[PDB]
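This report refers to the structure that appears directly beneath it.
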Amino acid sequence: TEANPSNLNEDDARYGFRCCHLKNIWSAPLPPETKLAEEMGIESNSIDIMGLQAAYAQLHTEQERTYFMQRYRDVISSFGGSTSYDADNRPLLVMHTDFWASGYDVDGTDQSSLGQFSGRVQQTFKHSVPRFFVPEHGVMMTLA
Amino acid sequence: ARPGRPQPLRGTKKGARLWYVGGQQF
Amino acid sequence: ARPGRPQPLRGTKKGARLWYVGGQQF
Amino acid sequence: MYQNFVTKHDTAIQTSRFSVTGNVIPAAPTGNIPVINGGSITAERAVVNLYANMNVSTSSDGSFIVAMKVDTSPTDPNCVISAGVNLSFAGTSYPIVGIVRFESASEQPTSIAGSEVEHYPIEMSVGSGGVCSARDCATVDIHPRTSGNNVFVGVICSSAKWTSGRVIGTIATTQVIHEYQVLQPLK
Amino acid sequence: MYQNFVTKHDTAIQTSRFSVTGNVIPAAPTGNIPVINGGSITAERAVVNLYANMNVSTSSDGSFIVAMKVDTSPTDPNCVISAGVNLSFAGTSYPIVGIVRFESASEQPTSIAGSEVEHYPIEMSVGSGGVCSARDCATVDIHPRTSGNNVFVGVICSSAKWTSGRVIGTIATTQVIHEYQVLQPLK
Amino acid sequence: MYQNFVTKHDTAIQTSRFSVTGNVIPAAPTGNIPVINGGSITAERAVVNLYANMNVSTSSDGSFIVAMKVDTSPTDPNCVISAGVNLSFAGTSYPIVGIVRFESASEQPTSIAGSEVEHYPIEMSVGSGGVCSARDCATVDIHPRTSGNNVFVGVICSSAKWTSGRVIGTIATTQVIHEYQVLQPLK
Amino acid sequence: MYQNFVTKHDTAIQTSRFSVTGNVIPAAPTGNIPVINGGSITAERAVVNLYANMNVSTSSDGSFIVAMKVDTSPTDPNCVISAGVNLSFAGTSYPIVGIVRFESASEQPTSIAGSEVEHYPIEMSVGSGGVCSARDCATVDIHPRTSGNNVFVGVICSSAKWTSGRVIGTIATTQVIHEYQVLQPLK
Amino acid sequence: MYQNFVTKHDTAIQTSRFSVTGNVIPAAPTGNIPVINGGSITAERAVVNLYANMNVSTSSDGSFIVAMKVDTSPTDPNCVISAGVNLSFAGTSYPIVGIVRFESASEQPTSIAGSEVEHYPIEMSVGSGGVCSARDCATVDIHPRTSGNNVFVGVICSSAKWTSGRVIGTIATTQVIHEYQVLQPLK
DNA sequence: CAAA
DNA sequence: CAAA
């Protein structure tokens, strides 16, 4: 929520915000507040099986959300609807490319460096954005 | 025995979904 | 991902005129 | 920073060590120089620890030697011989060192005539009144010039004016025909 | 000009420091040498600051030691061990230094027998009457020769004639199994 | 022959100079050490000219410091810090030098507690009775270890037995984050 | 072994030599320092032979200079300036040297104010009581900072306590803008 | 570690040796300097052993020389000339050395006028009261500047205040036009 | 990416 | 380059 670029700390303001590690078992867990048990009210000696029914259904709607519908758009999409980018005021992803950065090793050639190697990563790349129609004044931002 | 000159390894990358986190995360 | 071996960048170079300076200047 | 792995002298590792105590009788080049080794190092890498008394029973200006038997296996005409010394004397005498080569049909030379000793100067780390230090090397033909003798090399220590007194330190010397391998973190 | 980034000894950075004050009792190689470390540095990079009195309660000619526990993890037979010393004595005694290796089943050695100490000479920056300086290294087998002991290395300081008096300076020593990274402006 | 263009220390060029005269009050590590800089060099390259009297108003065995404020811009964990000193004392005291690092929320430190000073030994060109010389460097973490302070580095000069008397010379020190370009005839 | 062809200072060859005899009047940085050159070397490579008497008609603690006129042709901002000195004094005074840069509209400076002299420390080979030796260099901006003057460089020699007496040796200095070619047997 | 195979001076091997005893009559640059060689080394690699008395029959401040005849075959304008000295004097006089070049139609020069001698300073390993040490080299034009003479080079030794007394050591010098081959274990 |  |  940082109001101004001055509410930003040393590292961030200069280098950009941090992002998430590539998804794996520990870097992409289930939202921490994930329900691990759903309690349902019971009388003292009886249980409304018809209620227990709704109970589950209700839980469902809750999980569906927790798991993958935390954003409004996702909820709507869930019903089989749509949402303009103007609906939840979201940047419009115009283009997204990616690649693996490879390179080569430089060999050591002097008395002590001979047999040593330094890696010089160095990958070329294109990032093309198809003609795009800009409906309203704004900004086209490209980040890496 | 493969001829080529040693290449650095890339991505650890399939079937259906694995990571549910609430929505899209890059 | 593009194969080639890294090339240094050249000119920042189109439509109609931009620079009026009184005449020709190289 | 980057650790330096080159050096003018590699001190023998676990082997070739002899401790020498007693009286060291420096001598002049006109006579026979004292080779303070009875159990003279072999492997041609020698480390000698000194804890003895520098006695002037003979002349006041002389020199003593520490030596080793050169391995002559190598077909190469000559190889490098490094030395690393650290001597602290009690009696201010302004020590001095260098490397030497001499032959002798004798396996365990006790002394060598001065007119039979070859000199090879080396940068002296220090040469103060009571402490000479040096870690350097020199090129020396390793083959016996007279069909029959054994070749010897070592560091010699001299002075223009000695002074009775205890001396302590180490005299290391090696024939480079092997460079000790070593953990270099970046390889 | 171009800045030199290589060096015979890299002084440990923020860690491994111990200050030692009091009386340093130099000894002769015939007895047990004083290892002025109770809290002996571990990481096998050691920096020791000296501000004590060089006392001759025993012999007038001896030597004291500063040591560290060698990391034996590396499968490499032996690695480099560098030292960087700067000692200024009050009592002119012509100091002297070098690197040493010795084992002991004891974790925090207080003293080590002289006949149980291995020497490795090093170029002494200076060896004046009251100040010895040196920044060098040597090759040393890092594995325990006797199944069971811990391996120790460090710089030893000796003299042919000590002299009661305050001594001050720093004794740094490191087992090179890591080269400190460093800002090199042109890379 | 071929001119050598590498060097352990590049003395700042036209900037960062301060002349210091007066009385230098050496101190012991148990107290607060004198940092003879009021107008402490900034650019983290410092050249200090000495023409003052080494006075022993306090203890006879101590040490004084010359320092500079480390530039912390570099994201690199740590960079090299070189020093080049040439001091000639009148009163024979066997000087000694080295590099140091210490922090302080104060912008212009006048003195620093000894238990708050980190040492980094360096090969001393010379350490005679009345003149210490040295041109070397060392690796030092350039970032403030305590959120808030400024990092300082410089050369420290000590002695086991000082002696009232005039001292003269230069104390240069620099944080290598730039290598001075230079006319090399063959390129 | 392999001959080393690199070096911090190449002494001018057949040219630029001036012998200087007489009285050398060392001075303090508060006054004007003596530039013992009337026929100041030009080619910016200078060799000066000393055979004069170090006289203390002024202060007991000072410094004298030997200089040369910097060639400013090179468009390079600054180049290396090496010096190689060997001075032996009679009167123990613990000499000291370094390189300096100073300007002056005067073509043949006889003396220069101390507050107008820039210092550049250099590793001193030795700095004993009666002999200073050094062969090193430093980076120096070769262009006149004040539109109009000529730039001068050279080695300065100082002492905390001078002592009337004869001095002898050589003061060599050069602006590296040429590396002397040399027979290298293997090319 | 890796053995260093480069060096500023390679001492001649089995040849070019001459022992010199007797009285060495140091002289001043105003007169003719003593060239202690009658059987002056030829091959232009010279090793001279000293065991003589430094006598002051003339002036108290002077210099003596050791020389060799430069091989002029090489078409190269000039080549390197290295020297390696180790001298220990009895009489404290703070020696000093350097390399020199001088011509003479005479094949075996006995002395050379000071105004006819060219100097080339070299880093002195040490220059204590009674011992000078040095292993260095310098660039020298090897061709006779005056159609007819022979070119000579060697190390000169001077002092500001000599002192009658025995001197001992070695004076080695060589014209590098050959690098001695050497067993390098890893090739 | 509801591998709804 | 009158992107007259």
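FYI, nothing fancy with the structure tokens labels: chains A, B, ... in order, residues from 1 per chain, ligands from 1 as they appear.
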Strand (DSSP E or B) call set, DSSP backbone run, region 74-155 of chain G, as a PyMOL selection string: chain G and resi 78-89+96-104+111-113+118-120+126-127+131-141+150-155
Long-range neighbours of residue 155 (chain D) as a ChimeraX atom specification, 9 Å cut-off, only C-alpha atoms (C1' of nucleotides), 5 positions minimum in chain: /D:64-67,83-85,97-101,171-173
Exercise: region 123-139 of chain A partners within 10 Å, only C-alpha atoms (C1' of nucleotides), chain neighbours under 3 positions left out, as a ChimeraX atom specification: /A:91,94-104,120,142 /C:1-7
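Take CA of residue 164 (chain G) and CA of residue 31 (chain G): the distance between them is 19.7 Å.
Selected on chain G by distance to chain H: residues 1, 2, 3, 4, 10, 11, 13, 84, 85, 86, 88, 89, 90, 125, 126, 128, 130, 131, 133, 134, 135, 166, 167, 168, 170, 182, 183, 184 and 185 of chain G (within 7 Å, counting only C-alpha atoms).
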Include N, CA, C and O atoms and write out the residues we just selected as a short mmCIF file (atom, residue, chain, number, x, y, z; two decimals), in the first residue's frame.
```
data_model
loop_
_atom_site.label_atom_id
_atom_site.label_comp_id
_atom_site.auth_asym_id
_atom_site.auth_seq_id
_atom_site.Cartn_x
_atom_site.Cartn_y
_atom_site.Cartn_z
N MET G 1 66.80 -20.05 -13.98
CA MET G 1 65.32 -19.85 -14.05
C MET G 1 64.96 -18.76 -15.03
O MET G 1 65.81 -18.19 -15.73
N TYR G 2 63.66 -18.46 -15.07
CA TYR G 2 63.15 -17.42 -15.94
C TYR G 2 63.48 -16.05 -15.36
O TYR G 2 63.21 -15.77 -14.19
N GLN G 3 64.10 -15.21 -16.18
CA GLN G 3 64.47 -13.86 -15.78
C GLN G 3 63.26 -12.93 -15.70
O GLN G 3 62.45 -12.89 -16.63
N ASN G 4 63.13 -12.18 -14.62
CA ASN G 4 62.00 -11.27 -14.49
C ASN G 4 62.26 -9.98 -15.25
O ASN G 4 63.28 -9.32 -15.02
N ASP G 10 62.37 2.04 -13.90
CA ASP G 10 63.43 1.86 -14.88
C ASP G 10 64.29 3.12 -14.82
O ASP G 10 63.82 4.22 -15.11
N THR G 11 65.55 2.96 -14.44
CA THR G 11 66.46 4.09 -14.33
C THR G 11 66.87 4.56 -15.72
O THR G 11 67.34 3.76 -16.53
N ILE G 13 68.49 5.78 -19.09
CA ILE G 13 69.71 5.15 -19.55
C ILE G 13 70.94 6.02 -19.72
O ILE G 13 71.63 6.28 -18.73
N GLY G 84 63.90 5.47 -7.77
CA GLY G 84 64.79 4.45 -7.26
C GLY G 84 65.91 5.15 -6.54
O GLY G 84 66.77 5.76 -7.18
N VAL G 85 65.90 5.10 -5.21
CA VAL G 85 66.93 5.77 -4.42
C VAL G 85 67.76 4.85 -3.56
O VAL G 85 67.31 3.79 -3.12
N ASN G 86 68.99 5.29 -3.34
CA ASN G 86 69.96 4.58 -2.53
C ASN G 86 70.83 5.64 -1.87
O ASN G 86 71.75 6.19 -2.48
N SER G 88 73.19 6.69 1.54
CA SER G 88 73.94 6.27 2.72
C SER G 88 74.42 7.55 3.39
O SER G 88 75.16 8.33 2.80
N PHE G 89 73.97 7.76 4.62
CA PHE G 89 74.36 8.93 5.37
C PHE G 89 75.41 8.53 6.39
O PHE G 89 75.53 7.36 6.76
N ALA G 90 76.18 9.51 6.84
CA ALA G 90 77.20 9.25 7.84
C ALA G 90 76.49 9.38 9.18
O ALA G 90 76.50 8.46 10.01
N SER G 125 62.55 0.25 0.44
CA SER G 125 63.32 -0.99 0.47
C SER G 125 63.87 -1.17 1.88
O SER G 125 63.66 -2.20 2.53
N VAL G 126 64.58 -0.13 2.35
CA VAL G 126 65.15 -0.09 3.70
C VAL G 126 65.13 1.32 4.27
O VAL G 126 65.08 2.32 3.54
N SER G 128 67.21 2.16 7.44
CA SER G 128 68.05 1.94 8.60
C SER G 128 68.51 3.29 9.11
O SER G 128 68.14 4.33 8.57
N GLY G 130 71.42 4.77 8.88
CA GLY G 130 72.15 5.54 7.89
C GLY G 130 71.96 5.24 6.42
O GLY G 130 72.80 5.65 5.60
N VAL G 131 70.90 4.53 6.05
CA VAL G 131 70.68 4.25 4.64
C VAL G 131 69.23 3.97 4.29
O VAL G 131 68.59 3.09 4.86
N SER G 133 66.64 3.11 1.11
CA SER G 133 66.66 2.55 -0.24
C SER G 133 65.21 2.37 -0.64
O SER G 133 64.36 2.09 0.20
N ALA G 134 64.94 2.53 -1.93
CA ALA G 134 63.58 2.36 -2.40
C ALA G 134 63.52 2.37 -3.91
O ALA G 134 64.21 3.15 -4.56
N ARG G 135 62.69 1.48 -4.45
CA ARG G 135 62.49 1.40 -5.89
C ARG G 135 61.00 1.14 -6.03
O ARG G 135 60.54 0.01 -5.85
N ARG G 166 78.36 13.73 5.78
CA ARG G 166 78.37 13.44 4.35
C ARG G 166 77.33 12.41 3.97
O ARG G 166 77.08 11.45 4.70
N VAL G 167 76.73 12.62 2.80
CA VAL G 167 75.72 11.71 2.28
C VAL G 167 76.14 11.33 0.87
O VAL G 167 76.69 12.16 0.13
N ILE G 168 75.87 10.09 0.49
CA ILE G 168 76.25 9.61 -0.83
C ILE G 168 75.24 8.61 -1.39
O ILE G 168 74.59 7.88 -0.63
N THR G 170 72.47 7.66 -5.02
CA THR G 170 71.83 8.07 -6.27
C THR G 170 70.32 8.27 -6.11
O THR G 170 69.63 7.53 -5.39
N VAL G 182 64.06 -4.63 -24.39
CA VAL G 182 65.15 -5.42 -23.85
C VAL G 182 65.24 -6.85 -24.37
O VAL G 182 64.24 -7.56 -24.48
N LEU G 183 66.48 -7.26 -24.64
CA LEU G 183 66.76 -8.61 -25.12
C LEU G 183 66.17 -9.62 -24.16
O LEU G 183 66.60 -9.72 -23.01
N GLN G 184 65.18 -10.36 -24.64
CA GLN G 184 64.52 -11.42 -23.88
C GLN G 184 64.86 -12.64 -24.71
O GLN G 184 64.21 -12.92 -25.71
N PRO G 185 65.88 -13.40 -24.30
CA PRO G 185 66.41 -14.61 -24.94
C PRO G 185 65.43 -15.58 -25.58
O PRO G 185 65.77 -16.25 -26.57
#
```
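Straight-line separation from CA of residue 59 (chain G) to CA of residue 92 (chain F): 19.3 Å.
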Within 8 Å of chain A: residues of chain B, using only C-alpha atoms, as a PyMOL selection string: chain B and resi 8+10-11+19-23+25-26
